[PDB]
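In what follows, a structure is listed as structure tokens, so that the remarks can point back to it.
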Amino acid sequence: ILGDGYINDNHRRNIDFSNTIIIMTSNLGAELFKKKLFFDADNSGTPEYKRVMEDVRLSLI
Amino acid sequence: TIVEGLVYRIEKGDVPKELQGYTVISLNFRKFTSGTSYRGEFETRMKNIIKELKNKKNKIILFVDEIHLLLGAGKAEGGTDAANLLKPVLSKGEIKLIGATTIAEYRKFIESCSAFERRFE
Amino acid sequence: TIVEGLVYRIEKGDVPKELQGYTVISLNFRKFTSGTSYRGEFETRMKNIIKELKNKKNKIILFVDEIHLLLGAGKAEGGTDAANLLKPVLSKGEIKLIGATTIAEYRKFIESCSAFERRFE
Amino acid sequence: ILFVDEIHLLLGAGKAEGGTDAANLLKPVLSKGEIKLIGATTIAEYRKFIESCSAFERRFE
């Protein structure tokens with residue numbers, strides 16, 4: 001799908017995936033989303049916790 | 001009802017001037033292949049529809065119920081006519097036809113032969 | 001017997017004014033397959049029926065025991081098939097029929113052509 | 001009073017009319033009490049009426 005769009009079936013048609021926004025959701029939220037983000041959820045930081053989230057965001061990569 | 005709408009819109013005058021006066025011929029499948037008798041009398045009826053209404057200058061609009069119905073019956077070997085005719089008509093502009101199919105059937109119309117792919121739309 | 005229950009409402013007159021008199025007509029296959037002397041002559045018997053099913057405007061109620069013999073079972077040239085008559089006609093309010101099926105085989109009408117779905121209630 | 005060797009023998013031929021001799025006929029006739037028929041079938045044969053045909057299971061006993 002991602003690098004292609006010429007999928008052969010048992011009926012040998014083509015299925016083009018042009019002009020499609022592909023949405024890939026899953027959680028992985030636990031085991032990183034402990035209380036570090038959680039107990040300071042009210043303000044959640046313009047200077048500080050953005051660095052804290054990007055570090056978690058790096059670890060989700 | 002959008003096809004039947006157009007005749008209700010001839011009298012409204014919201015049609016172009018070159019497409020005026022024309023008459024839709026609604027076409028029941030009971031009229032096509034019920035009165036055919038598996039004989040050389042078949043093509044005597046086919047020219048009564050097809051070839052008599054090309055060079056005739058009269059104002060003409062056809063209408064097809066379903067194209068898949070025209071592929072179902074008409075299998076007599078002598079008779080044929082299961083999409084066999086109207087092949088230059090799909091590039092000529094003398095005959096005005098309108099068809100109607102459902103998507104899940106029209107998917108099985110196109111890619112089951114992959115020869116009518118460039119003709120129809 | 002629910003359809004038999006209709007008839008007893010008619011003879012006692014416990015029907016609305018617009019539905020008075022109309023006679024239920026059952027359809028026994030003692031005579032459908034046995035009249036097949038030729039292919040065209042099958043539908044002409046229906047043509048004698050259907051033309052007198054519209055312009056009659058008299059007592060008219062059609063009844064089928066099991067529609068599975070009509071549209072489910074049958075070779076396409078063996079008689080009544082999925083390509084039977086009255087497919088665009090029965091959408092119009094010119095013919096009154098009442099049918100009956102069992103659920104466990106009624107999914108064949110979904111899987112016959114998936115086009116009688118909006119054609120029945 | 002009629003009697004049949006096997007009703008399974010009535011599920012075979014019947015050509016040159018458009019349908020089987022027994023699978024077409026006697027369907028609303030045996031629905032009501034008219035014919036004094038008595039039948040007999042093999043148990044191992046009999047499954048075809050219950051499973052495969054599945055319509056005569058209330059017609060006979």
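Chain labels A, B, ... are given in the sequence in which chains occur in the structure tokens; within each chain residues are numbered consecutively from 1, and ligands are likewise numbered from 1 in the order shown.
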
Give me, as a tab-separated table (two decimals) with N, CA, C and O atoms, in the first residue's frame, all polymer residues having an atom no more than 10 Å from residue 22 in chain A, counting only C-alpha atoms and skipping those fewer than 4 positions away in the same chain.
chain	number	residue	atom	x	y	z
A	1	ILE	N	0.82	-1.20	0.00
A	1	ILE	CA	0.00	0.00	0.00
A	1	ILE	C	0.86	1.25	0.00
A	1	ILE	O	0.64	2.18	-0.79
A	2	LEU	N	1.88	1.29	0.86
A	2	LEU	CA	2.66	2.50	1.07
A	2	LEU	C	3.58	2.78	-0.12
A	2	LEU	O	3.64	3.92	-0.60
A	17	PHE	N	-4.07	3.26	-4.38
A	17	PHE	CA	-4.22	3.92	-3.09
A	17	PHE	C	-3.78	5.38	-3.14
A	17	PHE	O	-3.28	5.92	-2.15

> Hey, what does DSSP flag as strand (DSSP E or B) within chain C? Can you give it to me as a PyMOL selection string?
Replying inline: chain C and resi 24-25+61-63+97-98

Write a file of the selected residues as a PDB file, in the first residue's frame, keeping N, CA and C atoms.
ATOM      1  N   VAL C  24     -58.218 -13.241  -3.324  1.00  0.00           N
ATOM      2  CA  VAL C  24     -56.877 -13.799  -3.248  1.00  0.00           C
ATOM      3  C   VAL C  24     -56.755 -14.907  -4.281  1.00  0.00           C
ATOM      4  N   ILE C  25     -55.650 -14.910  -5.015  1.00  0.00           N
ATOM      5  CA  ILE C  25     -55.401 -15.910  -6.038  1.00  0.00           C
ATOM      6  C   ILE C  25     -54.103 -16.618  -5.685  1.00  0.00           C
ATOM      7  N   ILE C  61     -55.793  -9.997  -6.065  1.00  0.00           N
ATOM      8  CA  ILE C  61     -54.783 -10.247  -5.038  1.00  0.00           C
ATOM      9  C   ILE C  61     -54.010 -11.487  -5.460  1.00  0.00           C
ATOM     10  N   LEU C  62     -52.698 -11.360  -5.596  1.00  0.00           N
ATOM     11  CA  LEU C  62     -51.853 -12.475  -5.997  1.00  0.00           C
ATOM     12  C   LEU C  62     -51.209 -13.097  -4.770  1.00  0.00           C
ATOM     13  N   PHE C  63     -51.157 -14.424  -4.738  1.00  0.00           N
ATOM     14  CA  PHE C  63     -50.561 -15.111  -3.604  1.00  0.00           C
ATOM     15  C   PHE C  63     -49.601 -16.196  -4.062  1.00  0.00           C
ATOM     16  N   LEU C  97     -49.337  -8.241  -4.919  1.00  0.00           N
ATOM     17  CA  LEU C  97     -49.067  -9.632  -4.591  1.00  0.00           C
ATOM     18  C   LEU C  97     -48.766  -9.748  -3.104  1.00  0.00           C
ATOM     19  N   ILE C  98     -48.904 -10.962  -2.574  1.00  0.00           N
ATOM     20  CA  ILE C  98     -48.536 -11.280  -1.195  1.00  0.00           C
ATOM     21  C   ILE C  98     -47.804 -12.611  -1.214  1.00  0.00           C
TER      22      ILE C  98
END

Using every C-alpha atom paired in order, could you least-squares fit chain C onto chain B and give me the moved chain as a CSV table (one decimal) with N, CA and C atoms, in the first residue's frame?
chain,number,residue,atom,x,y,z
C,1,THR,N,-35.1,8.0,-11.9
C,1,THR,CA,-35.7,9.3,-11.6
C,1,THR,C,-34.8,10.5,-12.0
C,2,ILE,N,-33.5,10.3,-12.0
C,2,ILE,CA,-32.6,11.3,-12.5
C,2,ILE,C,-32.8,11.3,-14.0
C,3,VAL,N,-33.0,10.2,-14.7
C,3,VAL,CA,-33.4,10.2,-16.1
C,3,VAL,C,-34.8,10.7,-16.3
C,4,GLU,N,-35.7,10.4,-15.3
C,4,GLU,CA,-37.0,11.1,-15.3
C,4,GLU,C,-36.8,12.6,-15.1
C,5,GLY,N,-35.8,13.0,-14.3
C,5,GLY,CA,-35.5,14.4,-14.2
C,5,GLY,C,-35.0,15.0,-15.5
C,6,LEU,N,-34.5,14.3,-16.4
C,6,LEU,CA,-34.2,14.8,-17.7
C,6,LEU,C,-35.4,15.3,-18.5
C,7,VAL,N,-36.5,14.4,-18.4
C,7,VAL,CA,-37.6,14.6,-19.2
C,7,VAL,C,-38.4,15.9,-18.8
C,8,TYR,N,-38.5,16.1,-17.5
C,8,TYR,CA,-39.1,17.3,-17.0
C,8,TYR,C,-38.3,18.6,-17.4
C,9,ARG,N,-37.0,18.5,-17.6
C,9,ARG,CA,-36.2,19.6,-18.1
C,9,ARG,C,-36.5,19.8,-19.6
C,10,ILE,N,-37.0,18.8,-20.3
C,10,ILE,CA,-37.3,19.0,-21.7
C,10,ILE,C,-38.6,19.6,-22.0
C,11,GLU,N,-39.6,19.1,-21.3
C,11,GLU,CA,-41.0,19.7,-21.5
C,11,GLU,C,-41.1,21.1,-21.0
C,12,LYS,N,-40.4,21.5,-19.9
C,12,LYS,CA,-40.3,22.9,-19.6
C,12,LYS,C,-39.3,23.6,-20.4
C,13,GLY,N,-38.6,23.0,-21.3
C,13,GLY,CA,-37.6,23.6,-22.2
C,13,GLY,C,-36.4,24.1,-21.5
C,14,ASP,N,-36.0,23.6,-20.3
C,14,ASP,CA,-34.8,24.0,-19.6
C,14,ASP,C,-33.6,23.1,-20.0
C,15,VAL,N,-33.4,23.1,-21.4
C,15,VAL,CA,-32.4,22.3,-22.0
C,15,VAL,C,-31.6,23.2,-22.9
C,16,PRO,N,-30.4,22.8,-23.3
C,16,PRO,CA,-29.7,23.6,-24.4
C,16,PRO,C,-30.4,23.4,-25.7
C,17,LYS,N,-30.1,24.3,-26.6
C,17,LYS,CA,-30.8,24.4,-27.9
C,17,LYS,C,-30.5,23.2,-28.8
C,18,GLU,N,-29.4,22.5,-28.6
C,18,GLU,CA,-29.0,21.4,-29.4
C,18,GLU,C,-29.7,20.1,-28.9
C,19,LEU,N,-30.3,20.1,-27.7
C,19,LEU,CA,-30.9,18.9,-27.2
C,19,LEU,C,-32.4,19.1,-27.0
C,20,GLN,N,-33.0,19.9,-27.8
C,20,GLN,CA,-34.4,20.2,-27.5
C,20,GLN,C,-35.3,19.1,-28.2
C,21,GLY,N,-36.4,18.8,-27.6
C,21,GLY,CA,-37.4,17.9,-28.2
C,21,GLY,C,-37.2,16.4,-27.9
C,22,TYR,N,-36.0,16.0,-27.9
C,22,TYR,CA,-35.6,14.5,-28.0
C,22,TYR,C,-36.3,13.7,-26.9
C,23,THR,N,-36.9,12.6,-27.4
C,23,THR,CA,-37.8,11.8,-26.5
C,23,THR,C,-37.0,10.6,-26.0
C,24,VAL,N,-37.1,10.4,-24.7
C,24,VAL,CA,-36.5,9.2,-24.0
C,24,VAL,C,-37.3,8.0,-24.4
C,25,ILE,N,-36.6,6.9,-24.7
C,25,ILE,CA,-37.3,5.6,-25.1
C,25,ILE,C,-36.7,4.6,-24.1
C,26,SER,N,-37.6,4.1,-23.2
C,26,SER,CA,-37.2,3.0,-22.4
C,26,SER,C,-37.3,1.6,-23.2
C,27,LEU,N,-36.7,0.6,-22.6
C,27,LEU,CA,-36.6,-0.7,-23.3
C,27,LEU,C,-37.0,-1.8,-22.4
C,28,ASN,N,-38.3,-2.2,-22.5
C,28,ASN,CA,-38.8,-3.3,-21.6
C,28,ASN,C,-38.7,-4.6,-22.3
C,29,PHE,N,-38.2,-5.6,-21.4
C,29,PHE,CA,-38.0,-7.0,-21.9
C,29,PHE,C,-39.2,-7.8,-21.9
C,30,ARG,N,-40.4,-7.2,-21.9
C,30,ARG,CA,-41.6,-7.8,-22.3
C,30,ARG,C,-41.6,-8.1,-23.8
C,31,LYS,N,-40.8,-7.4,-24.6
C,31,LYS,CA,-40.7,-7.6,-26.0
C,31,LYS,C,-39.4,-8.0,-26.6
C,32,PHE,N,-38.3,-8.0,-25.8
C,32,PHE,CA,-37.1,-8.4,-26.4
C,32,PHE,C,-36.9,-9.9,-26.6
C,33,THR,N,-37.2,-10.7,-25.5
C,33,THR,CA,-37.2,-12.1,-25.6
C,33,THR,C,-38.4,-12.7,-26.3
C,34,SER,N,-39.5,-12.0,-26.2
C,34,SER,CA,-40.7,-12.6,-26.8
C,34,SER,C,-40.8,-12.5,-28.3
C,35,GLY,N,-40.0,-11.6,-28.9
C,35,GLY,CA,-40.0,-11.6,-30.4
C,35,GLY,C,-39.2,-12.7,-31.0
C,36,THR,N,-38.4,-13.5,-30.2
C,36,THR,CA,-37.5,-14.5,-30.7
C,36,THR,C,-38.3,-15.6,-31.4
C,37,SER,N,-38.7,-15.4,-32.6
C,37,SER,CA,-39.2,-16.5,-33.4
C,37,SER,C,-38.2,-17.3,-34.2
C,38,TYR,N,-37.1,-16.6,-34.6
C,38,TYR,CA,-35.9,-17.2,-35.1
C,38,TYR,C,-34.7,-16.5,-34.7
C,39,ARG,N,-33.5,-17.0,-35.1
C,39,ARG,CA,-32.3,-16.4,-34.6
C,39,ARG,C,-32.0,-15.1,-35.4
C,40,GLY,N,-32.2,-15.1,-36.8
C,40,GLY,CA,-32.0,-13.9,-37.6
C,40,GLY,C,-33.0,-12.9,-37.3
C,41,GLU,N,-34.2,-13.3,-37.0
C,41,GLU,CA,-35.3,-12.3,-36.9
C,41,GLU,C,-35.2,-11.5,-35.6
C,42,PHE,N,-34.4,-11.9,-34.7
C,42,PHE,CA,-34.1,-11.0,-33.5
C,42,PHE,C,-33.3,-9.8,-33.9
C,43,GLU,N,-32.3,-9.9,-34.7
C,43,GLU,CA,-31.4,-8.8,-35.0
C,43,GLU,C,-32.1,-7.9,-36.1
C,44,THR,N,-33.0,-8.5,-36.9
C,44,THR,CA,-33.7,-7.7,-37.9
C,44,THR,C,-34.6,-6.6,-37.3
C,45,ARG,N,-35.2,-7.0,-36.1
C,45,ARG,CA,-35.9,-6.0,-35.4
C,45,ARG,C,-35.0,-4.8,-34.9
C,46,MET,N,-33.8,-5.2,-34.5
C,46,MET,CA,-32.8,-4.1,-34.2
C,46,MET,C,-32.3,-3.4,-35.5
C,47,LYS,N,-32.2,-4.1,-36.6
C,47,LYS,CA,-31.9,-3.5,-37.9
C,47,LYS,C,-32.9,-2.5,-38.3
C,48,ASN,N,-34.2,-2.8,-38.1
C,48,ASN,CA,-35.2,-1.8,-38.3
C,48,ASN,C,-35.1,-0.6,-37.4
C,49,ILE,N,-34.6,-0.8,-36.2
C,49,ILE,CA,-34.4,0.2,-35.2
C,49,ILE,C,-33.1,1.0,-35.5
C,50,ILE,N,-32.0,0.4,-35.7
C,50,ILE,CA,-30.7,1.0,-35.8
C,50,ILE,C,-30.5,1.9,-37.0
C,51,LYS,N,-31.1,1.4,-38.2
C,51,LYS,CA,-31.1,2.1,-39.4
C,51,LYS,C,-31.9,3.4,-39.3
C,52,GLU,N,-33.0,3.3,-38.5
C,52,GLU,CA,-33.8,4.5,-38.1
C,52,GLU,C,-33.3,5.1,-36.8
C,53,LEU,N,-32.1,4.7,-36.3
C,53,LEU,CA,-31.5,5.4,-35.2
C,53,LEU,C,-30.4,6.4,-35.7
C,54,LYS,N,-30.0,6.3,-37.0
C,54,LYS,CA,-28.9,7.1,-37.5
C,54,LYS,C,-29.5,8.2,-38.5
C,55,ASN,N,-30.2,7.8,-39.6
C,55,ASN,CA,-30.7,8.7,-40.6
C,55,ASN,C,-32.0,9.4,-40.1
C,56,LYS,N,-32.4,9.1,-38.9
C,56,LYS,CA,-33.6,9.8,-38.5
C,56,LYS,C,-33.4,11.3,-38.2
C,57,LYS,N,-32.4,11.6,-37.4
C,57,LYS,CA,-32.1,13.0,-37.0
C,57,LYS,C,-33.2,13.7,-36.4
C,58,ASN,N,-34.0,13.0,-35.7
C,58,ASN,CA,-35.3,13.5,-35.0
C,58,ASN,C,-35.1,13.2,-33.5
C,59,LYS,N,-36.2,13.3,-32.8
C,59,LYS,CA,-36.2,13.1,-31.4
C,59,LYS,C,-35.8,11.6,-31.0
C,60,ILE,N,-34.6,11.5,-30.4
C,60,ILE,CA,-34.0,10.2,-30.2
C,60,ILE,C,-33.2,10.1,-28.9
C,61,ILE,N,-33.7,9.4,-27.9
C,61,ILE,CA,-32.9,9.1,-26.7
C,61,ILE,C,-33.2,7.7,-26.3
C,62,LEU,N,-32.2,6.8,-26.2
C,62,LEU,CA,-32.4,5.4,-25.8
C,62,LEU,C,-32.1,5.3,-24.3
C,63,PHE,N,-33.0,4.5,-23.7
C,63,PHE,CA,-32.8,4.3,-22.2
C,63,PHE,C,-32.9,2.8,-21.9
C,64,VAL,N,-32.0,2.3,-21.0
C,64,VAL,CA,-32.0,1.0,-20.5
C,64,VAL,C,-32.1,1.1,-19.0
C,65,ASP,N,-33.0,0.3,-18.4
C,65,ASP,CA,-33.2,0.1,-17.0
C,65,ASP,C,-31.9,-0.4,-16.3
C,66,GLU,N,-31.5,-1.6,-16.7
C,66,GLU,CA,-30.4,-2.3,-16.2
C,66,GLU,C,-29.6,-3.0,-17.3
C,67,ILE,N,-28.4,-2.6,-17.5
C,67,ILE,CA,-27.6,-3.1,-18.6
C,67,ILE,C,-27.1,-4.5,-18.3
C,68,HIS,N,-27.2,-5.0,-17.0
C,68,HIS,CA,-26.8,-6.3,-16.6
C,68,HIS,C,-27.6,-7.4,-17.4
C,69,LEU,N,-28.9,-7.1,-17.8
C,69,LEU,CA,-29.6,-8.0,-18.7
C,69,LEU,C,-29.1,-7.9,-20.1
C,70,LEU,N,-28.4,-6.8,-20.5
C,70,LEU,CA,-28.0,-6.7,-21.9
C,70,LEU,C,-26.7,-7.5,-22.1
C,71,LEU,N,-25.6,-7.0,-21.4
C,71,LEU,CA,-24.3,-7.5,-21.7
C,71,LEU,C,-23.7,-8.5,-20.7
C,72,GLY,N,-24.3,-8.5,-19.5
C,72,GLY,CA,-23.8,-9.4,-18.5
C,72,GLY,C,-24.5,-10.7,-18.6
C,73,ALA,N,-25.8,-10.8,-18.5
C,73,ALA,CA,-26.5,-12.1,-18.5
C,73,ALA,C,-26.9,-12.5,-19.9
C,74,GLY,N,-27.0,-13.8,-20.2
C,74,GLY,CA,-27.4,-14.3,-21.5
C,74,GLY,C,-26.5,-15.3,-22.1
C,75,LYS,N,-27.1,-16.4,-22.6
C,75,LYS,CA,-26.3,-17.3,-23.4
C,75,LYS,C,-26.0,-16.6,-24.7
C,76,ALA,N,-24.9,-17.0,-25.3
C,76,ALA,CA,-24.4,-16.4,-26.5
C,76,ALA,C,-25.3,-16.6,-27.7
C,77,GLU,N,-26.1,-17.7,-27.8
C,77,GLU,CA,-27.1,-17.8,-28.7
C,77,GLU,C,-28.5,-17.6,-28.2
C,78,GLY,N,-28.6,-17.3,-26.9
C,78,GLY,CA,-29.9,-17.0,-26.3
C,78,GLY,C,-30.4,-15.6,-26.4
C,79,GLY,N,-29.7,-14.8,-27.1
C,79,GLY,CA,-30.1,-13.4,-27.3
C,79,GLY,C,-29.0,-12.4,-27.2
C,80,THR,N,-29.2,-11.4,-26.3
C,80,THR,CA,-28.2,-10.4,-26.1
C,80,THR,C,-27.0,-11.0,-25.3
C,81,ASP,N,-25.8,-11.0,-25.8
C,81,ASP,CA,-24.6,-11.4,-25.1
C,81,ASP,C,-23.5,-10.4,-25.2
C,82,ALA,N,-22.3,-10.8,-24.8
C,82,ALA,CA,-21.2,-9.9,-24.9
C,82,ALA,C,-20.8,-9.6,-26.4
C,83,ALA,N,-21.2,-10.5,-27.3
C,83,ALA,CA,-21.0,-10.4,-28.7
C,83,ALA,C,-22.2,-9.7,-29.4
C,84,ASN,N,-22.9,-8.8,-28.7
C,84,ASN,CA,-24.0,-8.1,-29.2
C,84,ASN,C,-23.5,-7.1,-30.3
C,85,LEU,N,-24.5,-6.6,-31.1
C,85,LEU,CA,-24.3,-5.6,-32.1
C,85,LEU,C,-23.8,-4.3,-31.5
C,86,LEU,N,-23.5,-3.3,-32.4
C,86,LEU,CA,-23.2,-1.9,-32.1
C,86,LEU,C,-21.9,-1.8,-31.3
C,87,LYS,N,-21.0,-2.8,-31.2
C,87,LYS,CA,-19.8,-2.6,-30.5
C,87,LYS,C,-18.9,-1.6,-31.2
C,88,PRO,N,-18.6,-1.6,-32.5
C,88,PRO,CA,-17.8,-0.5,-33.1
C,88,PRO,C,-18.7,0.7,-33.4
C,89,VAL,N,-20.0,0.6,-33.4
C,89,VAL,CA,-20.8,1.7,-33.8
C,89,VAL,C,-21.1,2.7,-32.7
C,90,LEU,N,-21.2,2.2,-31.5
C,90,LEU,CA,-21.5,3.1,-30.4
C,90,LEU,C,-20.4,4.0,-30.0
C,91,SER,N,-19.1,3.6,-30.4
C,91,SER,CA,-18.0,4.6,-30.2
C,91,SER,C,-18.2,5.8,-31.0
C,92,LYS,N,-18.8,5.7,-32.2
C,92,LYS,CA,-19.2,6.9,-33.0
C,92,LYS,C,-20.3,7.6,-32.4
C,93,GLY,N,-20.4,8.9,-32.7
C,93,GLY,CA,-21.5,9.8,-32.2
C,93,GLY,C,-22.8,9.8,-33.0
C,94,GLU,N,-23.2,8.6,-33.4
C,94,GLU,CA,-24.4,8.5,-34.2
C,94,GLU,C,-25.6,7.9,-33.5
C,95,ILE,N,-25.4,7.4,-32.3
C,95,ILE,CA,-26.5,6.8,-31.4
C,95,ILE,C,-26.3,7.4,-30.0
C,96,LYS,N,-27.4,7.9,-29.5
C,96,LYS,CA,-27.5,8.4,-28.1
C,96,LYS,C,-28.3,7.5,-27.2
C,97,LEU,N,-27.6,6.9,-26.3
C,97,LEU,CA,-28.2,6.0,-25.3
C,97,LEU,C,-27.9,6.5,-23.9
C,98,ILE,N,-28.7,6.2,-22.9
C,98,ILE,CA,-28.4,6.4,-21.5
C,98,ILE,C,-28.7,5.2,-20.7
C,99,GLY,N,-27.8,4.7,-19.9
C,99,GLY,CA,-28.0,3.4,-19.2
C,99,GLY,C,-27.8,3.6,-17.7
C,100,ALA,N,-28.1,2.6,-16.9
C,100,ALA,CA,-28.0,2.7,-15.5
C,100,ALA,C,-27.7,1.3,-14.9
C,101,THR,N,-26.8,1.2,-14.0
C,101,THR,CA,-26.4,-0.1,-13.3
C,101,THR,C,-26.2,0.2,-11.9
C,102,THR,N,-26.1,-0.9,-11.1
C,102,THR,CA,-25.6,-0.9,-9.7
C,102,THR,C,-24.1,-1.3,-9.7
C,103,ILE,N,-23.4,-0.7,-8.8
C,103,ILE,CA,-21.9,-0.9,-8.7
C,103,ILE,C,-21.6,-2.4,-8.5
C,104,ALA,N,-22.3,-3.0,-7.5
C,104,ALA,CA,-21.9,-4.3,-7.0
C,104,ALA,C,-22.0,-5.5,-8.0
C,105,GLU,N,-22.7,-5.3,-9.1
C,105,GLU,CA,-22.6,-6.2,-10.2
C,105,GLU,C,-22.0,-5.6,-11.4
C,106,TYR,N,-21.6,-4.3,-11.4
C,106,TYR,CA,-21.1,-3.6,-12.6
C,106,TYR,C,-19.6,-4.1,-12.9
C,107,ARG,N,-19.0,-4.7,-11.9
C,107,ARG,CA,-17.7,-5.3,-12.2
C,107,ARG,C,-17.7,-6.5,-13.2
C,108,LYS,N,-18.9,-7.0,-13.4
C,108,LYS,CA,-19.1,-8.0,-14.5
C,108,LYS,C,-18.8,-7.5,-15.9
C,109,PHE,N,-19.1,-6.2,-16.1
C,109,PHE,CA,-18.7,-5.6,-17.4
C,109,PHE,C,-17.2,-5.4,-17.6
C,110,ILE,N,-16.5,-5.2,-16.5
C,110,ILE,CA,-15.1,-5.3,-16.5
C,110,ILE,C,-14.6,-6.7,-16.8
C,111,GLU,N,-15.3,-7.7,-16.2
C,111,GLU,CA,-14.9,-9.1,-16.3
C,111,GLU,C,-15.6,-9.8,-17.4
C,112,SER,N,-16.5,-9.2,-18.2
C,112,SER,CA,-17.1,-9.8,-19.3
C,112,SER,C,-16.1,-10.1,-20.4
C,113,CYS,N,-15.6,-9.0,-21.0
C,113,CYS,CA,-14.5,-9.1,-22.0
C,113,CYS,C,-13.5,-8.0,-21.8
C,114,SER,N,-13.6,-7.1,-20.9
C,114,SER,CA,-12.7,-5.9,-20.6
C,114,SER,C,-12.5,-5.1,-21.9
C,115,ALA,N,-13.6,-4.9,-22.6
C,115,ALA,CA,-13.6,-4.1,-23.8
C,115,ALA,C,-14.7,-3.1,-23.9
C,116,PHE,N,-15.7,-3.1,-23.0
C,116,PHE,CA,-16.7,-2.1,-22.9
C,116,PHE,C,-16.3,-1.0,-21.9
C,117,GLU,N,-15.1,-1.0,-21.4
C,117,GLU,CA,-14.6,-0.1,-20.4
C,117,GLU,C,-14.5,1.3,-21.1
C,118,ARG,N,-13.8,1.4,-22.2
C,118,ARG,CA,-13.7,2.7,-22.9
C,118,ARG,C,-15.0,2.9,-23.7
C,119,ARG,N,-16.0,2.0,-23.7
C,119,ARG,CA,-17.1,2.2,-24.5
C,119,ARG,C,-18.3,2.9,-23.8
C,120,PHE,N,-18.1,3.2,-22.5
C,120,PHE,CA,-19.1,3.8,-21.7
C,120,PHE,C,-18.5,4.8,-20.8
C,121,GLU,N,-19.3,5.7,-20.2
C,121,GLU,CA,-18.8,6.7,-19.3
C,121,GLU,C,-19.4,6.5,-17.9

Let's see if you can do this: from backbone DSSP, list all alpha helix (DSSP H) residues in range 12-104 of chain C, as a compact mmCIF listing (two decimals) with C-alpha atoms, in the first residue's frame.
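Printed below is selection24.txt as written:
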# COMPACT_ATOMS: atom_id res chain seq x y z
CA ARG C 39 -40.03 -21.11 -24.39
CA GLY C 40 -42.03 -18.13 -25.63
CA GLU C 41 -45.38 -19.71 -24.75
CA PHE C 42 -44.47 -19.72 -21.05
CA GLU C 43 -44.31 -15.94 -20.83
CA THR C 44 -47.36 -15.39 -23.06
CA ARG C 45 -49.48 -17.04 -20.39
CA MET C 46 -48.07 -14.46 -18.00
CA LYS C 47 -48.62 -11.78 -20.66
CA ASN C 48 -52.31 -12.73 -20.70
CA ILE C 49 -52.23 -12.45 -16.92
CA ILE C 50 -50.14 -9.29 -16.41
CA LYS C 51 -52.00 -7.20 -19.02
CA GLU C 52 -55.17 -8.18 -17.19
CA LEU C 53 -53.38 -7.47 -13.90
CA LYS C 54 -53.17 -3.72 -14.60
CA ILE C 103 -36.10 -17.34 7.03
CA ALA C 104 -33.54 -20.15 6.82

> In Å to one decimal, how far is CA of residue 1 in chain D from CA of residue 36 in chain D?
Replying inline: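 So the two atoms, CA of residue 36 in chain D and CA of residue 1 in chain D, lie 4.8 Å apart.
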
Taking only residues of chain A that have an atom at most 9 Å from an atom of chain B, what is each one's shortest atom pair and its distance in Å to one decimal, using only C-alpha atoms, in chain and number order, as a Markdown table?
| residue | atom | partner | partner_atom | distance |
| --- | --- | --- | --- | --- |
| A:11 | CA | B:112 | CA | 7.9 |
| A:12 | CA | B:111 | CA | 8.4 |
| A:13 | CA | B:111 | CA | 6.5 |

Got time to write the residues from that selection, C-alpha atoms, as a short mmCIF file (atom, residue, chain, number, x, y, z; two decimals), in the first residue's frame?
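The new file out_28.cif reads:
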data_model
loop_
_atom_site.label_atom_id
_atom_site.label_comp_id
_atom_site.auth_asym_id
_atom_site.auth_seq_id
_atom_site.Cartn_x
_atom_site.Cartn_y
_atom_site.Cartn_z
CA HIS A 11 -9.43 -11.45 -9.78
CA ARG A 12 -6.23 -9.62 -10.92
CA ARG A 13 -7.74 -6.13 -10.68
#

> When the cut-off is 9 Å and we count only C-alpha atoms, which residues of chain D are near chain C, given as a ChimeraX atom specification?
Replying inline: /D:17-19,24-25,28
